[PDB]
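Undergrad: Encoded as structure tokens, here's the structure I'll be asking about.
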Amino acid sequence: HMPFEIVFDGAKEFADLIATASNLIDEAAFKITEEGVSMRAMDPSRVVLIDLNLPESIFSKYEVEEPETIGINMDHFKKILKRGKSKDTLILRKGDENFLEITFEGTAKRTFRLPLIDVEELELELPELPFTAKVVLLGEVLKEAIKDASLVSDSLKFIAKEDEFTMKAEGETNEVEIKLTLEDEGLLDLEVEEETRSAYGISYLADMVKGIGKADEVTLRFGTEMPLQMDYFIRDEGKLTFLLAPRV
Amino acid sequence: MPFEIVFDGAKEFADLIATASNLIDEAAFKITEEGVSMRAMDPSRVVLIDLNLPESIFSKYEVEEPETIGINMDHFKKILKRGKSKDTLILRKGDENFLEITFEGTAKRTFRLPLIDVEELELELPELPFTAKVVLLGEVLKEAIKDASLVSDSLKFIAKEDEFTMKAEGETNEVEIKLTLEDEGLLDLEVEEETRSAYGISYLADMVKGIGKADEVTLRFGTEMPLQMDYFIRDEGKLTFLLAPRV
Amino acid sequence: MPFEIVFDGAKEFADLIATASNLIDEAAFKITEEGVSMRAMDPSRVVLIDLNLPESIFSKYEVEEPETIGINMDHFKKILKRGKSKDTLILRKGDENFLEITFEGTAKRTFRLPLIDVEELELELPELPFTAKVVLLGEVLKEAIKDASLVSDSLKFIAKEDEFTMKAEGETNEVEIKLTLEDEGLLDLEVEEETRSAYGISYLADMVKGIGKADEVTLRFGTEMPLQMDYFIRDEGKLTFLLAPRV
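Residue numbers (the working numbering), protein chains in the order written: chain A, 1 to 248; chain B, 1 to 247; chain C, 1 to 247.
Quick look at the structure:
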């Protein structure tokens, strides 16, 4: 567990991507290597897999001597990170001691000591699955549709055809459909190998999208009764990925 | 019995319906060729509400033949609150017993709202002998009602020829909102004799919760008579409250 | 008659009274022709607060009959929260036992707040041998107190000739805020001797709750001494807290 120093410009933007991931997760193992920071976890019900990738190119300074793994209480991490201001510089530093030093540099120098915990790691690999539909979408539309569907039901069907993407949610007598075609502003791209249908639980979806920005481009991949994969990019180089089990 | 009605500015339509559902829970809407109208009482039969939306405020108005539909206002309000300010609102009825509500913007979102049947009654808006008229900025009205609620549960309106006064007394504390024609908040005053009435703040607070701070409100009342309160939607729509006086 | 006092900016006056009410329940206001003065302690006798409003911040200041009034700070503060940022505020004492609070803007709004009888202590604002003075913006002071609250119940203030640091330590966690005159948050540092003290965060939280992020705050303290913080209102008025140290 050798010392490292990592610096990110924009503490608030870092906080907000940690808050997205923390919504499903309570404890995470961060793998720190020469090439960047990666984190891979499952939510307690083992229905969602989260995969974060922060390559070293998004850090203004990145000094890692040898690769190591640190365990972190995501709630306590998140409460500290929330104190960051939008033009603060964030510094994550470890010494010989077994705690993370989190510093905000801006109008003043604020440093928190975060204690490192032991997180037993599951055998987790991001499998490359045969998705038959891919959709790129304005976060606003996606956040919209999940909220709308929650008025009606607990589950949300995704339907991809060659020229339209539909989310549909039916209650006992109420019903909502959101429909997108490439003529529409919210939809940036749509590729379908064959017409695809699946359904996912809104509670999980709501938690996945709660931190996503209204203007960010979100990529969905799914298949008939397959997991749903959702991803967006951080500073164009980082990636956050969710893999969500279908409702069967 | 099909119709199709289009409104530019979905969130504005929501705010208008939200004003009405503050007191109402179920309503019959009469859809005629000349526009949409609605008339209902709150559950305690103290307040009557009248909503008139003429054809001219809709960007497209297609009505095959007059019809009445009954709506759960709360369900209507929950759906209508998901429209965005730049969305186009479409109210369409096919041949079945659902209202089809559509928001057109960055996406097409379509809800199906089931219709209900509503006990409609001998509900007419009579022209009572009002002796005072007041036009004032919604801001002044909304603040005078919040001011008075910290002091009492009733608000006394007092019109004389040169001053409009709203006054509220508790056991200890007092508040008086005074308006003369020299004040920015009073746009018009016409008083044919000294008029004095009192109304309950709980009802008043619900009537004005949804009124905008720069909307222009018209008040008509008479001594121990109902208070009539009007403001205009897009200059041609009209919402009217008629409120029973308190003893 | 006995006095008329006018302040332009009713919301700004409200915020000032709101900062003091965070720790006080009642207070005696002394209205002389030099200005209005107020000196109170919190219920636990740990914080002394001193407010001084010179007549030069009031747009009209007529005190016929010097007096001292007694005010329920929470009643006062819920009345003053009704003022708008563009209202003029008028405080009028007539012959009777009430304070007349008027907001003049869009309309004329008048409240009658009943005066009360406050058991006034004799409170000195003593001169103290402070070894350290710090001037910093509200934003950094307000953030250090919030950061320290995630860790502990008290924070240590530590001043050296070059550095001001606030440090809070829990069972396991730790927060350290450090300022040097290189940093935009610290506008002045004067340190006679290396000075160390600690204070309760709950009191500091309530002290800064009302301070604005742009406000400039002065801290004086000495080793194991009270902490004095003050900020200025319209350059001439002054609000001072004195906070007992922690053991």
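Just so you know, even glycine gets a beta-carbon here, dropped at the ideal spot from N, CA and C.
Kindly list the residues whose CB is nearer than 8 Å to the CB of residue 198/C, restricted to its own chain and excluding five residues on each side of it in sequence; keep chain order.
TA: By 1-based counting over the third sequence, the position of residue 198/C is 198. Counting only Cβ-Cβ distances below 8 Å, and skipping sequence neighbours, we find 154, 155, 156, 157, 245, 246.
Undergrad: My output table needs one value for residue 205/B: the three-state DSSP class, helix, strand or coil.
TA: Your numbering for residue 205/B matches position 205 in the second sequence. Residue 205/B: helix per DSSP, three-state reduction.
Undergrad: Please compile the residues from chain F whose C-beta is within a distance smaller than 7 Å of the C-beta of residue 58/B.
TA: Among the protein chains of the structure shown, namely A, B and C, there is no chain F.
Undergrad: Please report the residue range of the alpha helix (DSSP H) in which residue 243/A lies.
TA: On the first sequence, position 243 is the one that residue 243/A refers to. Counting along the chain, residue 243/A falls outside any alpha helix (DSSP H), though it belongs to the beta strand (DSSP E) covering 238-244.
Undergrad: Using 8 Å as the threshold, is the C-beta distance between residue 29/C and residue 69/C below it?
TA: The residue you call residue 29/C lines up with position 29 of the third sequence. The residue you call residue 69/C lines up with position 69 of the third sequence. Against a cut-off of 8 Å, the Cβ pair of residue 69/C and residue 29/C comes out as a contact.
Undergrad: What separation, rounded to the nearest whole angstrom, lies between the Cα atoms of residue 137/A and residue 33/A?
TA: Mapped onto the first sequence, residue 137/A falls at position 137. Mapped onto the first sequence, residue 33/A falls at position 33. Approximately 32 Å, taken between the alpha carbons.
Undergrad: Would you mind reading off the limits of the alpha helix (DSSP H) that contains residue 59/A?
TA: As a first step, residue 59/A must be located in the first sequence, where it is residue number 59. Here residue 59/A belongs to no alpha helix (DSSP H), and DSSP marks it neither H nor E.
Undergrad: Work out the CA separation of residue 164/B and residue 141/B for me, nearest whole Å.
TA: Numbered from 1 along the second sequence, position 141 holds the residue referred to as residue 141/B. Numbered from 1 along the second sequence, position 164 holds the residue referred to as residue 164/B. Roughly 12 Å separates the two Cα atoms.
Undergrad: Give the single residue among 115/C, 52/C, 12/C whose Cα lies nearest to the Cα of residue 236/C.
TA: Taking the first residue of the third sequence as position 1, residue 236/C is located at position 236. Ranking 115/C, 52/C, 12/C by Cα distance to residue 236/C puts 52/C first.
Undergrad: Could you name the residues of chain A that residue 114/B contacts, counting a contact when the two beta carbons are closer than 9 Å?
TA: As a first step, residue 114/B is located in the second sequence; it is residue number 114 there, counting from the start. Result: 173, 174.
Undergrad: Could one say the Cβ of residue 64/B lies closer than 8 Å to chain C's Cβ atoms, at least one of them?
TA: Taking the first residue of the second sequence as 1, we reach residue 64/B at position 64. No, no contact with chain C.
Undergrad: Any beta-carbon of chain B closer than 8 Å to the one on residue 10/C?
TA: If you number the third sequence from 1, residue 10/C lands on position 10. No, its Cβ sits nowhere closer than 8 Å to a Cβ of chain B.
Undergrad: Can you confirm whether residue 92/B, when its beta carbon is compared against all beta carbons of chain A, has any partner nearer than 8 Å?
TA: Within the second sequence, the letter at position 92 stands for residue 92/B. No, because no Cβ of chain A sits closer than 8 Å to the Cβ of residue 92/B.
Undergrad: For residue 139/C, go through chain A and note every residue whose CB falls closer than 7 Å to its CB, in chain order.
TA: Walking along the third sequence from the start, residue 139/C turns up at place 139. Within 7 Å Cβ-Cβ: 107.
Undergrad: Do the segment 185-199 of chain C and the segment 126-134 of chain C meet, that is, are 3 or more Cβ pairs less than 8 Å apart?
TA: Output reads yes: the segment 126-134 of chain C touches the segment 185-199 of chain C.
Undergrad: So with CB distances below 8 Å, who are the chain B contacts of residue 299/C?
TA: The structure shown does not extend to residue 299/C, since chain C is modelled only from 1 to 247, so the question has no answer here.
Undergrad: Counting pairs of beta carbons, one from the segment 100-115 of chain B and one from the segment 72-89 of chain B, are three or more of them closer than 8 Å?
TA: Flag = yes, the segment 100-115 of chain B and the segment 72-89 of chain B touch.
Undergrad: Give me, in chain order, the residues of the same chain whose beta-carbon lies closer than 6 Å to that of residue 177/C; leave out the 5 immediate sequence neighbours on both sides.
TA: Locating residue 177/C in the third sequence gives position 177, where the first residue counts as 1. Result list for residue 177/C: 144, 166, in chain order.
Undergrad: Excluding the 5 residues flanking residue 21/B on each side, which residues of the same chain have their C-beta closer than 8 Å to its C-beta?
TA: Numbered from its first residue, the second sequence carries residue 21/B at position 21. Around residue 21/B: 73, 74, 76, 77.
Undergrad: Could you check whether the segment 10-24 of chain B touches the segment 48-65 of chain B, counting it as contact only if at least three pairs of C-beta atoms, one from each stretch, sit closer than 8 Å?
TA: Flag = yes, the segment 10-24 of chain B and the segment 48-65 of chain B touch.
Undergrad: When you compare each of 109/C, 242/C, 172/C, 232/C to residue 98/A by their alpha carbons, which one comes out closest?
TA: If you number the first sequence from 1, residue 98/A lands on position 98. Ranking the options by Cα distance to residue 98/A, first place goes to 172/C.
Undergrad: Below 6 Å CB to CB, which residues in the same chain sit around residue 66/C once its five sequence neighbours on both sides are set aside?
TA: What you label residue 66/C is simply residue 66 of the third sequence in a count that begins at 1. 32, listed in sequence order.
Undergrad: Please say whether residue 185/C and residue 108/A have beta carbons closer to each other than 8 Å?
TA: For the purposes of this step, residue 108/A is taken as residue 108 along the first sequence, with counting starting at 1. For the purposes of this step, residue 185/C is taken as residue 185 along the third sequence, with counting starting at 1. Closer than 8 Å, so yes.
Undergrad: Flag this pair as yes or no: are the beta carbons of residue 244/A and residue 204/A separated by less than 8 Å?
TA: Position 244 of the first sequence, counted from the start, is the residue given in the question as residue 244/A. Position 204 of the first sequence, counted from the start, is the residue given in the question as residue 204/A. Contact flag set, yes.
Undergrad: By DSSP's criteria, residue 1/B is part of a beta bridge. Which residues make up the other side?
TA: By 1-based counting over the second sequence, the position of residue 1/B is 1. Paired residue(s): none; residue 1/B is not in a bridge.
Undergrad: Go through its chain and collect everything with a Cβ distance to residue 161/A's Cβ below 6 Å, but skip five positions before and after it.
TA: For the purposes of this step, residue 161/A is taken as residue 161 along the first sequence, with counting starting at 1. Within the same chain, residue 161/A has close Cβ partners 195.
Undergrad: Which of the residues in the segment 11-41 of chain C, read from start to end, lie with their CB under 9 Å from any CB of chain B?
TA: Per Cβ criterion, the list is empty.
Undergrad: With a threshold of 7 Å on Cβ separation, who are the neighbours of residue 24/B within its own chain once the five nearest residues in sequence on each side are excluded?
TA: Position 24 of the second sequence holds residue 24/B. For residue 24/B, where only same-chain residues beyond five positions count, the Cβ hits under 7 Å are 40, 42, 49, 73.
Undergrad: What would DSSP say about residue 7/A, mapped onto helix, strand or coil?
TA: Sequence index remark: in the first sequence, residue 7/A carries index 7 (1-based). Three-state DSSP puts residue 7/A in a strand.
Undergrad: Along chain C, in chain order, which residues have C-beta atoms closer than 8 Å to that of residue 183/B?
TA: Position 183 of the second sequence, counted from the first residue, corresponds to residue 183/B. The contacting residues are 106, 107, 108.
Undergrad: State yes or no: is the C-beta of residue 104/A within less than 8 Å of the C-beta of residue 15/A?
TA: Counted from its first residue, the first sequence places residue 104/A at position 104. Counted from its first residue, the first sequence places residue 15/A at position 15. Result no, Cβ atoms of residue 104/A and residue 15/A do not sit closer than 8 Å.
Undergrad: Would you report the Cα separation of residue 234/A and residue 224/A, rounded to the nearest angstrom?
TA: Position 234 of the first sequence, counted from the start, is the residue given in the question as residue 234/A. Position 224 of the first sequence, counted from the start, is the residue given in the question as residue 224/A. Computed Cα separation, rounded: 29 Å.
Undergrad: Around the C-beta of residue 1/B, are 16 or more other C-beta atoms found within 10 angstroms, so that it is buried, or is it exposed?
TA: Residue numbering aside, residue 1/B sits at position 1 when the second sequence is read from its first letter. Flag for residue 1/B reads exposed.
Undergrad: Between residue 59/A and residue 8/A, how many whole angstroms is the CB-CB distance? I'm expecting something under 8 Å.
TA: Taking the first sequence and counting its residues from 1, the one referred to as residue 59/A is at position 59. Taking the first sequence and counting its residues from 1, the one referred to as residue 8/A is at position 8. That belief holds up - the Cβ atoms of residue 59/A and residue 8/A are roughly 6 Å apart, short of 8 Å.
Undergrad: Among 241/A, 82/A, 151/A, whose alpha-carbon lies nearest the alpha-carbon of residue 82/B?
TA: What you label residue 82/B is simply residue 82 of the second sequence in a count that begins at 1. Ranking the options by Cα distance to residue 82/B, first place goes to 151/A.
Undergrad: Beta carbon of residue 206/C, beta carbon of residue 231/C: below 8 Å?
TA: Position 206 of the third sequence, counted from the first residue, corresponds to residue 206/C. Position 231 of the third sequence, counted from the first residue, corresponds to residue 231/C. Contact flag unset, no.
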